[PDB]
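J.: Handing you this structure, nothing more for now.
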Amino acid sequence: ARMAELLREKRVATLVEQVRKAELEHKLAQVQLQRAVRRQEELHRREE
RNA sequence: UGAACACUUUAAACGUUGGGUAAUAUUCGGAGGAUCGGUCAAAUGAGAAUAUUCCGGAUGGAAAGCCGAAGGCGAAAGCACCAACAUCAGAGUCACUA
C-alpha cells in the first residue's frame, strides 16, 4: 500500500500538475505577450 | 459548451405616442333623364320623390392595395402604413470566464 501510494500516486499526480501548469504557462505567456501588446496598441490607436 | 463587454452587420422582432394614405359607404348642393344591381341563366329592390354614375365638400375608422419573393425575423402562435420613444434579439471579428 505504501509502495503503491508513494511510488505511484504522488508522481502521477505530479505529472498531472506539471503538465497542466506547462499548459497554463503557455496560456499565460499568450495572455501576457500577444494579448497585452495587441490590446494596448488597440487602445492607443482608439484613443488617438 | 454556456454567458456579459468593445466593434462589423441585420429587419414584417416587441409595446407605446404623434402624423399619413390608393380606397371605402353615408351625405350637402349642381350635370343628366331611365337604367342599374347581378349572374351558366333567371328573382326581391334603387327609381317617376332622380338610380349606375359624375362634379366638388363633409363624415369617420377598417386595412396597409404595389413593394414582396421556393425573402427575412422569430421559441411557437405569429409578425407587412410610416416617423420617433423604447426594450431586445440574432450572426461575424476581437478579447474575458474556466
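Each chain in the C-alpha cells gets a letter, A, B and so on, in the order shown; residues start at 1 in every chain, and ligands are counted from 1 in the order they appear.
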Identify every residue of chain B that has at least one atom within 12 Å of any atom of chain A, counting only C-alpha atoms (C1' of nucleotides), and report the result as a PyMOL selection string.
T.: chain B and resi 6-7+94-96+98
J.: What is the distance between CA of residue 37 in chain A and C1' of residue 2 in chain B, in Å to one decimal?
T.: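 Interatomic distance here is 29.0 Å.
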J.: Which of these residues is nearest to residue 60 in chain B, using only C-alpha atoms (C1' of nucleotides): B:84, B:77, B:25, B:31?
T.: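 The closest residue to residue 60 in chain B is B:25.
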J.: In Å, rounded to a single decimal, give me how far CA of residue 5 in chain A is from CA of residue 23 in chain A.
T.: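 These two atoms are separated by 25.9 Å.
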J.: Write out as a PDB file with C-alpha atoms (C1' of nucleotides), in the first residue's frame the residues lying within 12 Å of residue 34 in chain B, counting only C-alpha atoms (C1' of nucleotides) and excluding same-chain residues fewer than 3 positions away.
T.:
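The file below, out15.pdb, is the result:
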```
ATOM      1  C1'   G B  47     -86.401  54.845 -59.333  1.00  0.00           C
ATOM      2  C1'   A B  48     -91.036  58.873 -61.816  1.00  0.00           C
ATOM      3  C1'   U B  50     -83.961  61.386 -59.855  1.00  0.00           C
ATOM      4  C1'   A B  51     -80.990  55.120 -59.760  1.00  0.00           C
ATOM      5  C1'   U B  52     -75.303  53.417 -62.003  1.00  0.00           C
TER       6        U B  52
END
```
J.: What's around residue 20 in chain B at 12 Å? Count only C-alpha atoms (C1' of nucleotides), leave out sequence neighbours fewer than 6 positions away in its own chain, and write the answer as a PyMOL selection string.
T.: chain B and resi 64+81-83
J.: Let's have the selection written as a PDB file, in the first residue's frame, with N, CA, C and O atoms (P, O5', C5', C4', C3', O3' and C1' of nucleotides).
T.:
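The resulting result35.pdb:
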```pdb
ATOM      1  P     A B  64     -53.667  44.560 -43.058  1.00  0.00           P
ATOM      2  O5'   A B  64     -53.216  44.923 -44.541  1.00  0.00           O
ATOM      3  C5'   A B  64     -51.886  45.385 -44.795  1.00  0.00           C
ATOM      4  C4'   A B  64     -51.889  46.493 -45.819  1.00  0.00           C
ATOM      5  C3'   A B  64     -50.525  47.116 -46.098  1.00  0.00           C
ATOM      6  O3'   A B  64     -50.471  47.519 -47.455  1.00  0.00           O
ATOM      7  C1'   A B  64     -51.968  48.746 -45.149  1.00  0.00           C
ATOM      8  P     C B  81     -48.965  46.878 -41.688  1.00  0.00           P
ATOM      9  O5'   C B  81     -48.823  48.306 -42.382  1.00  0.00           O
ATOM     10  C5'   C B  81     -47.663  49.107 -42.155  1.00  0.00           C
ATOM     11  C4'   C B  81     -47.618  50.296 -43.085  1.00  0.00           C
ATOM     12  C3'   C B  81     -46.631  51.364 -42.656  1.00  0.00           C
ATOM     13  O3'   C B  81     -45.325  51.071 -43.109  1.00  0.00           O
ATOM     14  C1'   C B  81     -48.690  52.405 -43.120  1.00  0.00           C
ATOM     15  P     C B  82     -44.167  50.668 -42.087  1.00  0.00           P
ATOM     16  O5'   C B  82     -42.965  51.589 -42.563  1.00  0.00           O
ATOM     17  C5'   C B  82     -42.422  52.571 -41.692  1.00  0.00           C
ATOM     18  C4'   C B  82     -42.783  53.968 -42.143  1.00  0.00           C
ATOM     19  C3'   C B  82     -42.290  55.035 -41.192  1.00  0.00           C
ATOM     20  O3'   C B  82     -40.913  55.321 -41.344  1.00  0.00           O
ATOM     21  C1'   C B  82     -44.544  55.496 -41.682  1.00  0.00           C
ATOM     22  P     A B  83     -39.896  54.902 -40.177  1.00  0.00           P
ATOM     23  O5'   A B  83     -39.047  56.230 -39.957  1.00  0.00           O
ATOM     24  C5'   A B  83     -39.453  57.449 -40.590  1.00  0.00           C
ATOM     25  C4'   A B  83     -39.862  58.474 -39.560  1.00  0.00           C
ATOM     26  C3'   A B  83     -39.355  58.227 -38.148  1.00  0.00           C
ATOM     27  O3'   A B  83     -37.996  58.615 -38.006  1.00  0.00           O
ATOM     28  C1'   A B  83     -41.636  58.865 -38.065  1.00  0.00           C
TER      29        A B  83
END
```
J.: Of the candidates B:45, B:32, B:71, B:56, which shows the shortest atom-to-atom distance to residue 12 in chain B, using only C-alpha atoms (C1' of nucleotides)?
T.: B:71
J.: Just the number, please: distance in Å from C1' of residue 13 in chain B to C1' of residue 63 in chain B, one decimal.
T.: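 Those two atoms sit 22.0 Å apart.
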